[PDB]
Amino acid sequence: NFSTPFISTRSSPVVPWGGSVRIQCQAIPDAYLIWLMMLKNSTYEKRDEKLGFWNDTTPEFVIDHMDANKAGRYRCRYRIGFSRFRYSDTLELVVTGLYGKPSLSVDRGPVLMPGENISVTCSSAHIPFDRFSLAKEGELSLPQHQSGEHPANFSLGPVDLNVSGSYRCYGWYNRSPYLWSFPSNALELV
């Protein structure tokens, strides 16, 4: 068996509704045709279509003016020869700026030396979000931490500096996993 090509979003994969990101696939260089899909309702459908070979780089897409339309499961499609069709493992995108900014806060100071713990409490008092996800800047993926209890109890354990920088937190509902709240207030952990 095989791996199947990779799917990356070189810039953090969550964007303000109307945001722009630089999505990227792997490059089967014996495949002239490459199709970005969004697995939408029982199926998958063509959004963008980049033809050609890549005996150099890997293929990038760009989603600009990020829509509620543009959020969901994204997958690459490779066409080799006249019958070979190779997929890619799935990626998802999600928008921000929809519901209302939650607010987050600390139990200790903004520069906790991590030998001991820090929990962040994130919640909204007037917007009954199904779940909350705590979003670090930079790191190019769906958040490390997500919960669905009435206070967002996200501690960090004994931190270490690859857990540092700027942090925020987003709301989330049941059937809009692709649609998230506004960005909250920022946490400059150092």
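Numbering starts at 1 and follows the sequence shown.
Undergrad: When the Cα temperature factors in the entry are averaged, is it 140-148 or 31-39 that ends up higher?
TA: The stretch with the larger mean CA B-factor is 140-148.
Undergrad: Mean C-alpha B-factor higher for 111-119, or for 84-92?
TA: Taking the mean C-alpha B-factor of 111-119 and of 84-92, the larger value falls to 111-119.
Undergrad: Would you mind finding, among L134, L51, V163, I63, the residue with the largest C-alpha temperature factor in the entry?
TA: Spelled out: the listed residue with the top C-alpha B-factor is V163.
Undergrad: By its CA B factor, does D130 count among the lowest, middle or highest third of the modelled residues in the chain?
TA: Highest third.
Undergrad: Would you mind ranking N69 by its C-alpha B-factor against the rest of the chain and naming the third, lowest, middle or highest?
TA: Its C-alpha B-factor, which the entry lists for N69, ranks in the lowest third among residues of this chain.
Undergrad: Ranked by Cα temperature factor within the chain, is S20 in the lowest third, the middle third or the highest third?
TA: CA B-factor rank for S20: lowest third.
Undergrad: Please say which third, lowest, middle or highest, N174 falls into when its CA temperature factor is compared across its chain.
TA: Highest third - that is where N174 ends up once the chain's C-alpha B-factors are sorted.
Undergrad: Should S124 be placed in the lowest, middle or highest third of its chain by the C-alpha B factor in the entry?
TA: Within its chain, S124 is a lowest-third residue by C-alpha B-factor, going by the deposited values.
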